[PDB]
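Notes for the one structure printed next.
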Amino acid sequence: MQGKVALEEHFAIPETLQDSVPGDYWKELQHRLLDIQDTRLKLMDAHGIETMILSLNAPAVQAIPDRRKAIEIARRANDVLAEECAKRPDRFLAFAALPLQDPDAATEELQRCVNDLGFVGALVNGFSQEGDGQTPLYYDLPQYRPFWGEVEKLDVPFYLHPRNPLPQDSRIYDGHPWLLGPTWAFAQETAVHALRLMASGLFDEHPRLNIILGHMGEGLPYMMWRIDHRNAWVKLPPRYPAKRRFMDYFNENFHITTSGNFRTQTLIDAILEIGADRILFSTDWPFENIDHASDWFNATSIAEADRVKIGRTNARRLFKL
Amino acid sequence: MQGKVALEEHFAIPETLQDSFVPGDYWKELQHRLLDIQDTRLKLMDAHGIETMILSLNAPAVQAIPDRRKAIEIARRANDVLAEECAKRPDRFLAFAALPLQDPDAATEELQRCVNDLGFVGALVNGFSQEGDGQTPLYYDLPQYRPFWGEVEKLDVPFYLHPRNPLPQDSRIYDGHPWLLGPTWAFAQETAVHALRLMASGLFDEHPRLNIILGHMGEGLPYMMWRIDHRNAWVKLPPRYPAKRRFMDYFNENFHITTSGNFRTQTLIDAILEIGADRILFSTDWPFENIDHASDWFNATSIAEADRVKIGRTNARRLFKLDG
Amino acid sequence: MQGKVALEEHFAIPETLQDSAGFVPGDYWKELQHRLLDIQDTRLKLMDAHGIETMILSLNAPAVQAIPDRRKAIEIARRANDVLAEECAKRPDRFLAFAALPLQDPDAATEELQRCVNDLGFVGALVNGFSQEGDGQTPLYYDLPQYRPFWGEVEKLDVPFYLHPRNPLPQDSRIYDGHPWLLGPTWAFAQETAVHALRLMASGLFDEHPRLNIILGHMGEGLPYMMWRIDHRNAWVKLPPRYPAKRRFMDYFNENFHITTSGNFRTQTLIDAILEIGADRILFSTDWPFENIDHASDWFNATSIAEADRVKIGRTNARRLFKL
Amino acid sequence: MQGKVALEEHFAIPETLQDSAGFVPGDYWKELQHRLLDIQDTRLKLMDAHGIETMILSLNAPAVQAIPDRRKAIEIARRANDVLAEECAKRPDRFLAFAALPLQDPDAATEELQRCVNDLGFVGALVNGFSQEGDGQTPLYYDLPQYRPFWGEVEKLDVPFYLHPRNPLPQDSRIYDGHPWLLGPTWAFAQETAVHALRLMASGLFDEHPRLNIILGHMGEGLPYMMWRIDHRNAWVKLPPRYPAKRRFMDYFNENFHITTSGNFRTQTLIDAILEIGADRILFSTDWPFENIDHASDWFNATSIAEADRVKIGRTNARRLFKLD
Ligand SMILES: O=C(O)c1c(O)cccc1O
Ligand SMILES: O=C(O)c1c(O)cccc1O
Ligand SMILES: O=C(O)c1c(O)cccc1O
Ligand SMILES: O=C(O)c1c(O)cccc1O
Ligand SMILES: [Zn+2]
Ligand SMILES: [Zn+2]
Ligand SMILES: [Zn+2]
Ligand SMILES: [Zn+2]
């Protein structure tokens with residue numbers, strides 16, 4: 001398939017590069033993160049990707065406790081990104097990196113990126129760290145409501161990307177570093193953060209918000225029925241502040257991408273849960289090979305009409321292209 | 001469908017009853033359900049095509065008793081009670097053992113006692129154990145539990161790894177959201193990861209004949225299993241965990257999942273295309289779930305009639321050697 | 001779900017009533033007749049009780065397609081269409097109409113479609129397969145040359161054409177000899193209709209009129225499941241197909257066809273169709289009065305698909321297709 | 001996947017070679033002929049390169065079923081079976097065989113089946129639909145009374161019966177008039193075979209002989225997708241069906257049939273079948289030489305199913321069905 005849109009495609013700046021064992025692989029990953037116009041573009045051309053919505057790597061800004069430096073790095077990353085997109089505006093779009101450890105500053109940088117730089121959304125690597133940085137700051141908290149109101153005003157999607165939990169909140173993985181990251185930890189962290197947003201009633205207050213989750217929903221689709229329907233015989237209203245069910249907000253305010261989850265069975269389950277209209281193609285480059293994502297998607301077992309929507313038209317619609 | 005086998009069916013004894021809402025008329029009903037075995041439960045089984053019910057103590061129960069002596073005491077009592085209840089109707093009730101795993105040796109002894117002397121057909125443990133001050137979750141992939149697993153394999157009976165909530169110090173991500181703890185989500189995360197720890201530790205290389213059972217359709221594992229092994233596939237460097245093979249291998253070869261508290265056809269279809277119908281078992285999670293809810297859904301779920309028979313009955317019959 | 005649109009919903013006029021006599025046992029004949037003749041009363045109460053806002057009505061089968069005499073066919077067609085317009089006018093907020101066409105006379109059929117659409121406001125046409133004319137011994141399929149002008153007018157008026165089933169003529173039914181239970185909805189209807197659809201595709205009709213919209217009931221008359229094979233059988237033979245059409249069957253099916261759930265309330269079938277043609281091209285329908293409205297609605301309300309798709313298949317796809 | 005078993009794999013003898021002539025263009029005819037006559041070379045090399053350990057061979061179509069003279073049919077069947085036995089004996093660790101039967105003569109077909117199974121070690125029979133006999137103008141379906149003795153023997157011998165396709169006779173093909181491209185594997189084959197199978201079910205054959213194992217290729221010739229409708233159409237009519245069989249079509253399909261992936265390398269189709277008849281009754285097959293072995297194998301090795309089912313469908317279901325363990 002040609003003319004695809006991919007939106008979990010990362011890059012890095014020298015300042016955040018270290019955020020991502022010794023050898024040829026680490027060397028290649030660094031080159032990939034810093035490259036935009038050469039290797040990346042050539043692969044896009046060879047693998048039917050017309051539009052790539054770029055985002056800074058992780059955890060990047062979310063792991064910078066000093067709000068002052070966080071704002072500085074965010075602005076720096078966004079300016080570099082703007083410069084890179086300007087070189088091939090027909091191929092590259094961008095997500096804003098935000099210094100959410102400072103709500104007001106984050107709201108202001110998002111406005112700058114959207115109104116001044118033409119960015120089409122924001123991508124945040126989970127909870128923020130601030131001050132001593134020992135407390136994970138989730139976005140369902142009161143201090144972030146103004147920010148969400150502005151996100152809804154600008155009407156641009158918010159991509160809730162993964163990050164690892166803090167060491168003190170990772171005991172379950174002690175002795176198992178291989179379970180952290182993309183293997184599992186990433187999904188758990190992001191799925192719950194997403195659930196917190198839903199449970200908080202955020203989408204009752206701002207129903208037009210568009211949240212995006214990669215890796216096919218971080219496991220949410222398969223368990224969505226249980227999330228709401230467990231112990232169904234208990235006919236008492238849910239205790240959380242949100243007015244409706246998790247499935248309602250997930251179906252109405254979320255979109256999921258195929259980033260790093262090239263599995264047909266998983267895609268079928270998702271199509272039968274959230275629907276093809278809310279699934280978007282993405283690769284997770286440079287952490288995943290573009291050819292791997294594209295070859296799989298070009299041949300996955302779905303209707304051709306859905307391959308067109310998932311690979312291109314859903315995104316073009318979502319980002320008003 | 002008639003003649004079904006259900007195996008995540010709970011009961012409680014006065015000592016563990018409190019572990020199991022609000023002041024609402026629901027708490028009263030739940031209590032009655034947990035304490036009942038021969039009456040209400042049996043009538044529902046007769047009304048909903050369930051011939052065999054493999055009973056297990058509630059949660060967290062024994063896993064939440066930090067004092068070894070006490071844990072060993074409560075477990076033995078819960079197992080003696082269970083043994084007595086099953087003896088009243090051996091043609092309908094089977095049993096899973098409650099184990100005081102905060103004491104590896106005592107747990108091994110009690111499992112042997114239950115299996116060899118009481119005829120229990122397996123064990124059901126509610127996640128990690130608490131011991132001493134009870135501030136450290138004790139996972140079963142740890143070295144001290146290897147002798148135990150060797151005995152489990154020797155006795156050749158399944159181990160049902162059931163959920164429990166993580167300790168508060170390990171649940172900050174849920175702070176302010178108590179509604180996310182329990183069956184809503186926390187149970188799955190806790191159990192899925194414990195299962196992965198067992199896999200990564202190489203436990204199944206050492207004891208390949210082990211049979212582990214997970215409820216709630218695998219605690220989310222099937223949907224993400226491909227990613228668990230294949231994420232960042234371009235990096236051809238070998239994984240550094242002790243296990244010799246991949247997660248999917250151990251999941252496909254040493255695990256079975258049940259339909260407990262997850263009556264969703266889409267989820268069942270995904271599981272069928274991931275682990276296979278031969279590895280899926282009907283279960284309800286009674287009394288936390290209504291038996292009629294579980295049965296009505298399963299009787300009509302969109303699968304092959306041949307698979308409805310296997311998932312609803314024959315897979316469990318074979319697994320627990322009920323035909324011979 | 002409320003506000004659904006159903007479009008394979010039949011009625012009959014005295015002149016065509018007997019055509020449905022041989023499709024149900026004698027004990028059910030009186031009831032089927034009542035249903036076929038009723039539009040304003042019981043039918044509407046069933047619609048209200050089962051969340052159906054719009055019902056696009058059509059004459060029963062084979063009706064006009066089984067009238068060998070051109071003059072008579074044109075007469076009955078106009079009559080049925082006039083009656084249908086009368087009934088819709090009684091409840092214009094709930095009923096829409098498909099035209100009955102005397103296709104044994106191409107020109108007359110073209111004229112009648114124009115009258116129905118431009119003058120009566122009908123939203124499409126429903127034809128029960130091939131037509132009989134003259135001695136009525138030869139099935140007349142619509143891929144034939146003489147029907148090209150008609151198709152050009154269908155595309156110009158831009159209204160869908162519902163290719164409905166009918167049984168094959170006796171001389172073309174020997175495979176069912178001794179098995180009358182295989183004729184009709186059991187199987188013969190699907191074969192007859194699926195092949196007729198393939199004939200239209202293979203003839204290149206959609207190359208000439210790419211904007212045509214064809215609708216098939218009973219989930220595509222079996223087409224989705226075998227569509228890959230229809231084009232890809234013997235793929236090693238790298239030569240172009242021998243038929244007139246310039247492209248593949250899958251292209252025309254994917255681009256010019258829509259299928260409904262009439263008389264095929266099977267979740268597995270719906271899932272296969274979703275993964276072959278997509279939810280955007282599947283429409284809810286019941287096949288009342290040959291199928292119970294509650295059977296269709298109850299199944300569709302609970303089938304295992306995304307809620308977003310239940311809304312599309314149940315309502316918005318049809319509203320989009322018929323420009324409502 | 002290695003060690004696969006494939007069971008809709010054809011070959012031909014000079015006497016039946018021309019039967020496959022019209023099914024392929026002119027330039028590809030030479031290649032197809034080579035493939036049909038080859039068993040020990042090209043075929044074996046493809047099996048070794050594409051993980052196929054066992055190939056259950058069968059004569060091409062329509063072959064014997066299109067020979068109206070009983071005597072000639074009996075001769076051709078026997079000749080074809082002897083050649084096949086000869087070929088299998090060259091590499092018995094890789095090749096097994098399906099008997100060709102002269103069903104235009106019930107008693108003769110019964111005797112030949114016995115000969116192939118008892119004396120030649122054949123593991124079943126493959127018949128290309130209805131038979132033609134005498135004037136050959138009447139399709140003879142196997143649900144007819146004269147074939148009951150035959151079926152009784154099939155059940156006694158306890159070997160599967162592969163109901164393979166064939167095109168209907170011209171007078172029974174008017175729906176395809178003007179569309180020769182709709183005959184054969186494109187569609188006519190499936191319609192013809194699906195209905196023949198339904199006739200067997202409706203006749204009550206499986207009530208009388210419940211241990212029969214019937215096999216259909218091309219993923220059930222379309223049956224799985226419409227199976228619910230076949231039994232449940234017009235469900236509001238609460239009156240039993242009119243056919244002589246005691247139960248439902250779905251019951252006989254679920255209990256007496258097995259389907260193969262021959263010439264239908266489609267994942268969506270396989271998923272539907274898995275949810276209708278179950279993975280335990282789906283078997284890998286290619287339809288070589290009409291389909292490329294690599295096409296079938298590459299698709300099956302990667303299709304979206306549980307690895308445990310890939311093993312069953314690709315090998316163990318067949319080994320179990322043909323008692324190879
Ligand atoms: O997608 C990512 O952002 C990512 C990382 O940031 C680190 C490792 C793997 C990975 O997929
Ligand atoms: O053990 C369970 O399965 C359970 C509980 O112990 C408490 C709430 C829900 C539940 O499913
Ligand atoms: O027109 C129909 O839809 C129909 C019949 O005409 C006869 C039986 C069943 C049926 O669905
Ligand atoms: O016998 C077959 O299987 C066959 C043919 O005889 C002709 C074309 C395709 C095909 O699969
Ligand atoms: Zn990423
Ligand atoms: Zn439980
Ligand atoms: Zn109809
Ligand atoms: Zn064949």
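Recorded method is X-ray crystallography, 1.9 Å.
Any Cβ shown, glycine's included, is placed from N, Cα and C.
Record check: Swiss-Prot places C:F23, C:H164 at the 2,6-dihydroxybenzoate site, and the matching candidate among C:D280, C:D287, C:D294, C:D298 is C:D287.
The Cβ of C:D287 (Zn(2+) binding site) lies under 8 Å from the Cβ of C:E8, C:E9, C:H10, C:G217, C:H218, C:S262, C:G263, C:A296, each of these being in the same chain and 6 or more residues away along the sequence. Of the chain residues outside the 2,6-dihydroxybenzoate site list C:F23, C:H164, C:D287, C:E8, C:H10, C:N60, C:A61, C:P165, C:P185, C:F189, C:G217, C:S262, C:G263, C:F290 have their Cβ within 8 Å of the site's Cβ mean position.
Neighbour count (other Cβ atoms within 10 Å of the Cβ, all protein chains): 22 for C:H10 (Zn(2+) binding site). Distance between Cα atoms for C:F23 (2,6-dihydroxybenzoate binding site) and C:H164 (Zn(2+) binding site): 16 Å, as a whole number. What surrounds the Zn(2+) site, by Cβ distance within 8 Å of the Cβ centroid and not counting C:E8, C:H10, C:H164, C:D287, is the set C:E9, C:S58, C:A61, C:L126, C:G217, C:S262, C:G263, C:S285, C:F290 from the same chain.
With a cut-off of 6 Å between Cβ and the nearest atom of ligand 7, the binding-site residues C:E8, C:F23, C:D287 reduce to C:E8, C:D287. For the binding-site residues listed here (C:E8, C:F23, C:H164), the lowest count of other CB atoms within 10 A around the CB belongs to C:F23.
DSSP classifies C:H164 (Zn(2+) binding site) as strand under the three-state reduction.
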